[PDB]
Amino acid sequence: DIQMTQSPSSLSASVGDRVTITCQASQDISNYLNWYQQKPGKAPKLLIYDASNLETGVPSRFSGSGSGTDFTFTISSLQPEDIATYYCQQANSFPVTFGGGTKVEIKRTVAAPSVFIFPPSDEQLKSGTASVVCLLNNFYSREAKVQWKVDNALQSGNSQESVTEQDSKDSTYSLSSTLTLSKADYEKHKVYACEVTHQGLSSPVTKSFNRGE
Amino acid sequence: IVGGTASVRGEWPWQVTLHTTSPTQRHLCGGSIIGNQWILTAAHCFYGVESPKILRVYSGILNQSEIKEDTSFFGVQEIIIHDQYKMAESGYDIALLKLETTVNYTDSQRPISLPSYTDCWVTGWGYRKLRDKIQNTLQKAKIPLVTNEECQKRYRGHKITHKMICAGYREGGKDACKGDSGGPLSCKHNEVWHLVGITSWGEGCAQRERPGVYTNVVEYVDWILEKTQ
Amino acid sequence: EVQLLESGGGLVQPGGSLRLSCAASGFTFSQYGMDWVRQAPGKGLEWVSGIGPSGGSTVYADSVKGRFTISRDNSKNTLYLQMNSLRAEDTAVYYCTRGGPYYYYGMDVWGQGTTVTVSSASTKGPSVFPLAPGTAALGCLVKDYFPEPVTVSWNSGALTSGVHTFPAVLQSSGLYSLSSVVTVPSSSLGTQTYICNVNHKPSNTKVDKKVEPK
């Protein structure tokens, strides 16, 4: 029963670089080996069949090699559109098995998050809960501290965040922190402050409002 | 082709892939170019093909994936199956296709000559264990013949005739099979490619001491030229 | 042209049953082998079963064998996956695939996928709250739903650039939230109406929200 060892698990490279991904079968599968690209949000798609044959529509920077046990998939010149997880698959015999996948990401010039804060809707407060949102938009690298303050006091544990997968045109990331609180405890305070920190701002950037906009 | 090896563009320009289009376009059989309008192939390949309107012959093909929508092909006007052909195992497994049009030959789509052997190559596409799938890149294997006398001895309850000729290895491992069927046994003799046998039938594929039986083309020459006119 | 749409996904208690379907179009279905590949949440591609052109020859991953049954009917152009004795390890996006052209077996066509969530917890619709305002950010907050997924568009599809729908967060409560937001021209705020179209299939919940600056 044939096992497929893909490597590395994830990688980062700059646009234009050689990228090379490997896939080892636990036994001789000759050239019965396919490669797939799955773009974020989308269904996987087949790029290479039979180890090196490149399917219709696939651009010429993709290629593959190997037979028997060692396979290689390579992107001659990585583009921002190649952001994706790639997967090998033996078609040698049943069951069909895939590699674990290699996450492929883009290095690029640092961009600063552009930072917005959202109060809670009048509509939500009438259901007694108060969700407060910080948007950090289109930044690189993915690294970003967000730090919430009420009447300048550092909050902790009543906040949750989510980063998008990498934009496939501009290679940026976006992040959304949500401070959650009771209508009650939100009403006990005035100054609602979001403190973003990143390698692309000279210094931390604070966005805020007072209740009563 | 079993236990063979990838071929290359230009190499076996008499090899052709004969496709059916109905119900879906796919490789049926091998053929060998023998003249302007003439592919020679096996008769058992037309098992329930009731009309030539569904065949296409592509030449100058290596990868099957090369064949797209807009690729040029030759249609087939007529199917001439040997008058005495009724079953592969009992011989007469020969057939010709008259084309709609003729081959403007090049380097990679030339004809091959007939006979009247030592350097013998079996080519073709041929099947796999798994979704009855067809090998993509035209395969080849070099194989030597076995005397009908030896062949006969290795098929005790079917009858090898003088109009058959056999050819595997004694250890086994190399053969033409279904998909390769109809495809050529081409031999270079005095440095010249003659078309000597046609992949017809067999018991297993590439099995130790069970060699393929090939329509012994040499014995049908006169038959062929009652029609290459 | 060539297309596979799957359906029957949704929510089912552990131990349950569900028949998945796939409507193939734009090809002669009859002649192609077909497989279901699935993908559990964050992620890994896993082959589940396959069936030959003609419906004989069926084949299964060990983890579903004796539980799942693949079948087709070619006179309706439909592939099925009868899934019984379901179990949380079956929660996944289920893809309908075609097993390739005549010269290779691989998955050369995929549908969009359909989500199966095996869990004994109950469906809840999200509430949808506005996130109000060179350029301006606005959004919706899609809060307190189960299971995943929520779909989100803006202006019925006609607004695409600038949009980030954040992956979902799972709260202390055992319920999901997400935000979808978009950045647009500030000039457009006076003129243009910005609606976010939220659809949480497991609770028949199609809700549409005007987001206005305040």
# chains A, B, ... in the order shown; residues from 1 in each chain; ligands from 1

$ closest_atom_pairs --of "chain A" --to "chain C" --cutoff "7 Å" --atoms "only C-alpha atoms" --output "tab-separated table"
residue	atom	partner	partner_atom	distance
A:34	CA	C:106	CA	6.8
A:43	CA	C:112	CA	6.1
A:46	CA	C:108	CA	5.9
A:91	CA	C:105	CA	6.5
A:95	CA	C:61	CA	6.0
A:96	CA	C:47	CA	6.1
A:97	CA	C:47	CA	6.7
A:98	CA	C:45	CA	6.5
A:100	CA	C:44	CA	5.9
A:101	CA	C:44	CA	6.8
A:118	CA	C:131	CA	6.1
A:121	CA	C:130	CA	6.4
A:124	CA	C:129	CA	6.8
A:162	CA	C:166	CA	6.3
A:163	CA	C:166	CA	6.6
A:164	CA	C:166	CA	5.7

$ residues_around --residues "residue 214 in chain B" --least-positions-apart "4" --cutoff "10 Å" --atoms "only C-alpha atoms" --output "list in words"
residues 42, 88, 89, 91, 93, 94, 145, 163, 164, 165, 166, 167, 176, 181, 182, 183, 184, 185, 196, 197, 198, 199, 200, 201 and 202 of chain B

$ closest_residue --among "C:98, C:19, C:72, C:124" --to "chain B" --atoms "only C-alpha atoms"
C:98

$ interface_residues --of "chain B" --to "chain A" --cutoff "9 Å" --atoms "only C-alpha atoms" --output "list in words"
residues 65, 129, 130 and 136 of chain B

$ write_last_selection --atoms "N, CA, C and O atoms" --output "PDB file, in the first residue's frame"
ATOM      1  N   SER B  65      -1.437  12.403 -26.355  1.00  0.00           N
ATOM      2  CA  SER B  65      -1.781  13.780 -26.033  1.00  0.00           C
ATOM      3  C   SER B  65      -1.444  14.872 -27.073  1.00  0.00           C
ATOM      4  O   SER B  65      -2.032  15.963 -26.988  1.00  0.00           O
ATOM      5  N   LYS B 129      -3.042  -2.382 -16.797  1.00  0.00           N
ATOM      6  CA  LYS B 129      -3.670  -2.566 -15.452  1.00  0.00           C
ATOM      7  C   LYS B 129      -4.041  -1.159 -15.064  1.00  0.00           C
ATOM      8  O   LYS B 129      -3.137  -0.327 -14.906  1.00  0.00           O
ATOM      9  N   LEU B 130      -5.333  -0.849 -15.045  1.00  0.00           N
ATOM     10  CA  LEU B 130      -5.815   0.407 -14.459  1.00  0.00           C
ATOM     11  C   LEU B 130      -6.511   1.280 -15.473  1.00  0.00           C
ATOM     12  O   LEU B 130      -5.921   1.791 -16.417  1.00  0.00           O
ATOM     13  N   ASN B 136       0.748   6.679 -23.196  1.00  0.00           N
ATOM     14  CA  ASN B 136       0.791   7.934 -23.920  1.00  0.00           C
ATOM     15  C   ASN B 136       1.891   8.015 -25.019  1.00  0.00           C
ATOM     16  O   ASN B 136       1.588   8.354 -26.177  1.00  0.00           O
TER      17      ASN B 136
END

$ select_by_dssp --residues "range 12-172 of chain B" --states "alpha helix (DSSP H)" --output "number ranges by chain"
B: 148-153

$ write_last_selection --atoms "N, CA, C and O atoms" --output "PDB file, in the first residue's frame"
ATOM      1  N   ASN B 148       8.164 -21.253 -35.958  1.00  0.00           N
ATOM      2  CA  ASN B 148       6.809 -21.830 -35.892  1.00  0.00           C
ATOM      3  C   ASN B 148       6.862 -23.217 -35.189  1.00  0.00           C
ATOM      4  O   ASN B 148       6.023 -23.531 -34.360  1.00  0.00           O
ATOM      5  N   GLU B 149       7.911 -23.984 -35.498  1.00  0.00           N
ATOM      6  CA  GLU B 149       8.237 -25.291 -34.890  1.00  0.00           C
ATOM      7  C   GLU B 149       8.351 -25.265 -33.369  1.00  0.00           C
ATOM      8  O   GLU B 149       7.862 -26.175 -32.701  1.00  0.00           O
ATOM      9  N   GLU B 150       9.024 -24.241 -32.842  1.00  0.00           N
ATOM     10  CA  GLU B 150       9.124 -24.016 -31.392  1.00  0.00           C
ATOM     11  C   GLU B 150       7.801 -23.449 -30.882  1.00  0.00           C
ATOM     12  O   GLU B 150       7.258 -23.954 -29.885  1.00  0.00           O
ATOM     13  N   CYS B 151       7.293 -22.416 -31.569  1.00  0.00           N
ATOM     14  CA  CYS B 151       5.988 -21.787 -31.227  1.00  0.00           C
ATOM     15  C   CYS B 151       4.915 -22.853 -31.100  1.00  0.00           C
ATOM     16  O   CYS B 151       4.205 -22.918 -30.084  1.00  0.00           O
ATOM     17  N   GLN B 152       4.851 -23.707 -32.122  1.00  0.00           N
ATOM     18  CA  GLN B 152       3.856 -24.753 -32.185  1.00  0.00           C
ATOM     19  C   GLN B 152       3.917 -25.602 -30.930  1.00  0.00           C
ATOM     20  O   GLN B 152       2.864 -25.859 -30.300  1.00  0.00           O
ATOM     21  N   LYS B 153       5.151 -25.964 -30.551  1.00  0.00           N
ATOM     22  CA  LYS B 153       5.422 -26.801 -29.377  1.00  0.00           C
ATOM     23  C   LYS B 153       4.900 -26.101 -28.093  1.00  0.00           C
ATOM     24  O   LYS B 153       4.327 -26.776 -27.236  1.00  0.00           O
TER      25      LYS B 153
END

$ interface_residues --of "chain C" --to "chain B" --cutoff "9 Å" --atoms "only C-alpha atoms" --output "MDAnalysis selection string"
chainID C and resid 28 30:33 52:53 99 101:105

$ write_last_selection --atoms "N, CA, C and O atoms" --output "tab-separated table (two decimals), in the first residue's frame"
chain	number	residue	atom	x	y	z
C	28	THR	N	-19.19	13.09	-22.85
C	28	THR	CA	-19.83	11.81	-22.92
C	28	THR	C	-19.42	10.99	-21.68
C	28	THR	O	-18.62	10.10	-21.77
C	30	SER	N	-20.48	8.51	-20.01
C	30	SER	CA	-20.46	7.04	-20.13
C	30	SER	C	-19.13	6.40	-20.25
C	30	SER	O	-18.97	5.21	-19.88
C	31	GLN	N	-18.21	7.15	-20.86
C	31	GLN	CA	-16.95	6.61	-21.28
C	31	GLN	C	-15.79	6.84	-20.30
C	31	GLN	O	-14.73	6.25	-20.50
C	32	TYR	N	-16.01	7.61	-19.25
C	32	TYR	CA	-15.02	7.97	-18.27
C	32	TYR	C	-15.21	7.38	-16.90
C	32	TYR	O	-16.25	7.47	-16.34
C	33	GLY	N	-14.17	6.82	-16.35
C	33	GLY	CA	-14.08	6.51	-14.94
C	33	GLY	C	-14.07	7.78	-14.13
C	33	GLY	O	-13.72	8.81	-14.61
C	52	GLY	N	-15.54	2.53	-12.70
C	52	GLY	CA	-15.21	2.57	-14.10
C	52	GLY	C	-16.31	3.13	-14.93
C	52	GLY	O	-17.43	3.32	-14.48
C	53	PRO	N	-16.03	3.37	-16.20
C	53	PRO	CA	-17.06	3.92	-17.13
C	53	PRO	C	-18.43	3.28	-16.97
C	53	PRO	O	-19.38	3.96	-16.92
C	99	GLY	N	-11.67	10.75	-14.04
C	99	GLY	CA	-10.40	10.09	-14.00
C	99	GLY	C	-9.67	10.16	-15.31
C	99	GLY	O	-9.14	9.18	-15.70
C	101	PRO	N	-8.35	11.57	-19.48
C	101	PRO	CA	-8.51	11.14	-20.88
C	101	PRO	C	-7.88	9.78	-21.11
C	101	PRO	O	-7.25	9.27	-20.23
C	102	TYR	N	-7.97	9.27	-22.34
C	102	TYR	CA	-7.76	7.83	-22.64
C	102	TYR	C	-6.37	7.28	-22.33
C	102	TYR	O	-6.26	6.09	-22.03
C	103	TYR	N	-5.39	8.19	-22.32
C	103	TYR	CA	-3.94	7.96	-22.11
C	103	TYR	C	-3.39	8.24	-20.70
C	103	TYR	O	-2.22	8.01	-20.45
C	104	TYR	N	-4.15	8.78	-19.78
C	104	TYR	CA	-3.70	8.73	-18.40
C	104	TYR	C	-4.83	8.66	-17.44
C	104	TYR	O	-5.93	9.12	-17.77
C	105	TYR	N	-4.59	8.11	-16.25
C	105	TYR	CA	-5.57	8.22	-15.17
C	105	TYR	C	-5.04	9.24	-14.24
C	105	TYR	O	-4.00	9.09	-13.70

$ closest_residue --among "B:139, B:7, B:17, B:216" --to "residue 61 in chain B" --atoms "only C-alpha atoms"
B:17

$ select_by_dssp --residues "range 40-202 of chain A" --states "strand (DSSP E)" --output "ChimeraX atom specification"
/A:45-49,53-54,62-65,70-75,84-90,97-98,102-107,114-118,129-139,145-150,159-163,173-182,191-197

$ atom_distance --atom1 "CA of residue 72 in chain B" --atom2 "CA of residue 124 in chain B"
20.0 Å

$ residues_around --residues "residue 120 in chain B" --least-positions-apart "5" --cutoff "7 Å" --atoms "only C-alpha atoms" --output "list in words"
residues 142, 143, 144, 185, 186, 187 and 188 of chain B

$ write_last_selection --atoms "N, CA, C and O atoms" --output "PDB file, in the first residue's frame"
ATOM      1  N   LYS B 142      12.841  -4.273 -28.888  1.00  0.00           N
ATOM      2  CA  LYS B 142      13.463  -5.197 -29.830  1.00  0.00           C
ATOM      3  C   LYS B 142      13.169  -6.623 -29.362  1.00  0.00           C
ATOM      4  O   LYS B 142      13.358  -6.954 -28.190  1.00  0.00           O
ATOM      5  N   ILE B 143      12.631  -7.441 -30.260  1.00  0.00           N
ATOM      6  CA  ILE B 143      12.432  -8.869 -29.965  1.00  0.00           C
ATOM      7  C   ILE B 143      12.866  -9.750 -31.139  1.00  0.00           C
ATOM      8  O   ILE B 143      12.703  -9.350 -32.295  1.00  0.00           O
ATOM      9  N   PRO B 144      13.385 -10.965 -30.835  1.00  0.00           N
ATOM     10  CA  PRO B 144      13.644 -11.988 -31.833  1.00  0.00           C
ATOM     11  C   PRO B 144      12.515 -13.015 -31.959  1.00  0.00           C
ATOM     12  O   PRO B 144      11.742 -13.250 -31.006  1.00  0.00           O
ATOM     13  N   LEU B 185       5.454  -5.579 -36.744  1.00  0.00           N
ATOM     14  CA  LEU B 185       6.796  -6.130 -36.460  1.00  0.00           C
ATOM     15  C   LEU B 185       7.651  -5.705 -37.644  1.00  0.00           C
ATOM     16  O   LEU B 185       7.509  -6.230 -38.730  1.00  0.00           O
ATOM     17  N   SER B 186       8.435  -4.656 -37.454  1.00  0.00           N
ATOM     18  CA  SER B 186       9.288  -4.114 -38.520  1.00  0.00           C
ATOM     19  C   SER B 186      10.687  -4.708 -38.322  1.00  0.00           C
ATOM     20  O   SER B 186      11.212  -4.640 -37.197  1.00  0.00           O
ATOM     21  N   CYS B 187      11.253  -5.329 -39.369  1.00  0.00           N
ATOM     22  CA  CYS B 187      12.704  -5.777 -39.348  1.00  0.00           C
ATOM     23  C   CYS B 187      13.641  -5.113 -40.388  1.00  0.00           C
ATOM     24  O   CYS B 187      13.341  -5.074 -41.582  1.00  0.00           O
ATOM     25  N   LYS B 188      14.769  -4.609 -39.898  1.00  0.00           N
ATOM     26  CA  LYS B 188      15.852  -4.069 -40.746  1.00  0.00           C
ATOM     27  C   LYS B 188      16.662  -5.240 -41.315  1.00  0.00           C
ATOM     28  O   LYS B 188      17.323  -5.955 -40.572  1.00  0.00           O
TER      29      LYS B 188
END

$ residues_around --residues "range 147-160 of chain C" --least-positions-apart "5" --cutoff "10 Å" --atoms "only C-alpha atoms" --output "JSON, numbers by chain"
{"C": [10, 11, 41, 115, 116, 117, 118, 119, 121, 122, 123, 124, 125, 126, 139, 140, 142, 165, 167, 168, 170, 174, 175, 176, 177, 178, 179, 180, 181, 182, 183, 184, 193, 194, 195, 196, 197, 198, 199, 200, 201, 202, 203, 205, 206, 207, 208, 209, 210]}

$ atom_distance --atom1 "CA of residue 52 in chain B" --atom2 "CA of residue 195 in chain B"
24.1 Å

$ residues_around --residues "residue 149 in chain A" --least-positions-apart "2" --cutoff "8 Å" --atoms "only C-alpha atoms" --output "MDAnalysis selection string"
chainID A and resid 147 151:155 191:195

$ closest_atom_pairs --of "range 81-146 of chain A" --to "range 7-29 of chain A" --cutoff "6 Å" --atoms "only C-alpha atoms" --output "Markdown table"
| residue | atom | partner | partner_atom | distance |
| --- | --- | --- | --- | --- |
| A:92 | CA | A:29 | CA | 5.4 |
| A:102 | CA | A:9 | CA | 4.5 |
| A:103 | CA | A:10 | CA | 4.2 |
| A:104 | CA | A:11 | CA | 5.1 |
| A:105 | CA | A:12 | CA | 4.8 |
| A:106 | CA | A:13 | CA | 5.3 |
| A:107 | CA | A:14 | CA | 4.7 |

$ write_last_selection --atoms "N, CA and C atoms" --output "CSV table (one decimal), in the first residue's frame"
chain,number,residue,atom,x,y,z
A,92,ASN,N,-0.4,4.6,-9.7
A,92,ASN,CA,0.2,3.3,-10.0
A,92,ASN,C,-0.8,2.1,-9.7
A,102,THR,N,2.8,20.7,-0.5
A,102,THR,CA,3.7,21.8,-0.2
A,102,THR,C,3.0,23.2,-0.4
A,103,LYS,N,2.9,23.9,0.7
A,103,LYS,CA,2.4,25.3,0.7
A,103,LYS,C,3.5,26.2,0.1
A,104,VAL,N,3.2,27.0,-0.9
A,104,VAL,CA,4.2,27.8,-1.6
A,104,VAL,C,3.7,29.2,-1.5
A,105,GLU,N,4.6,30.0,-0.9
A,105,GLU,CA,4.3,31.4,-0.6
A,105,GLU,C,5.3,32.4,-1.2
A,106,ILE,N,4.9,33.6,-1.4
A,106,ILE,CA,5.7,34.7,-2.0
A,106,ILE,C,6.4,35.7,-1.0
A,107,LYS,N,7.7,35.7,-1.0
A,107,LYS,CA,8.5,36.8,-0.4
A,107,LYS,C,8.3,38.1,-1.3

$ atom_distance --atom1 "CA of residue 2 in chain A" --atom2 "CA of residue 84 in chain C"
26.5 Å
